[PDB]
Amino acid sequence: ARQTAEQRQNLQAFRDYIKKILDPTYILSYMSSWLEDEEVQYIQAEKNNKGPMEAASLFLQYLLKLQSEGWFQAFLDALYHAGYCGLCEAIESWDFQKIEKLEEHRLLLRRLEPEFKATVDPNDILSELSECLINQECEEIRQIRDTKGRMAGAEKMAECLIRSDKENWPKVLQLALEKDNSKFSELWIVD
């Protein structure tokens, strides 16, 4: 049970990468047997009241105090089956290089988000990008597009890509933008 101590120290070290990717509300269905119903609802309420990142921070607070045998592997499995293969792979090997290399394109898309909202319609490329987002994120993007309009939906799409753990989502996005012939492709340089 020194492995656990080493596992706890590393999570705190990499909490800034984790909270930038993980929306814990998406992996609570795979971890419900490890958390109290009250803890599940507190994490869910924190997401609705403050956002994904603070919800992830609270989820880690609970995660770092668990003691049952195998709590860490349960987290890895929950991440994987929810769709966080990239984040799961990074945590399992404590190597965030593939996620660090994405920082440049996280900064670029966030800086260019106004042009993104002005020139991209999520209804045109969401299917091509469904391998870079959690299935529920794609569902929320379509509902927002259907209730609030194109610009509102495009912003949700941009925010979801920024938190994607797929090492090549910038290239996936470039290909989708070119297939639809979008003014934004001229602003998106991958290779």
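Start at 1 and count along the sequence shown; that's the residue number.
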Inset, instruction - Tell me which of 117-125 and 76-84 has the higher mean C-alpha B-factor in the deposited entry. - result: 117-125
Inset, instruction - Look up the CA B-factors in the entry and say which stretch, 3-11 or 180-188, has the higher mean. - result: 3-11
Inset, instruction - Going by the CA temperature factor in the entry, name the top one among 140, 46, 155, 69. - result: 69
Inset, instruction - Name the one of 164, 61, 29, 135 with the greatest CA B-factor according to the PDB entry. - result: 61
Inset, instruction - Sorting the chain's modelled residues by C-alpha B-factor, tell me whether residue 102 ends up in the lowest, middle or highest third. - result: highest
Legend entry - For residue 159, the third of its chain into which the C-alpha B factor falls: middle
Legend entry - Ranked against its chain, the third holding the CA B-factor of residue 35: highest
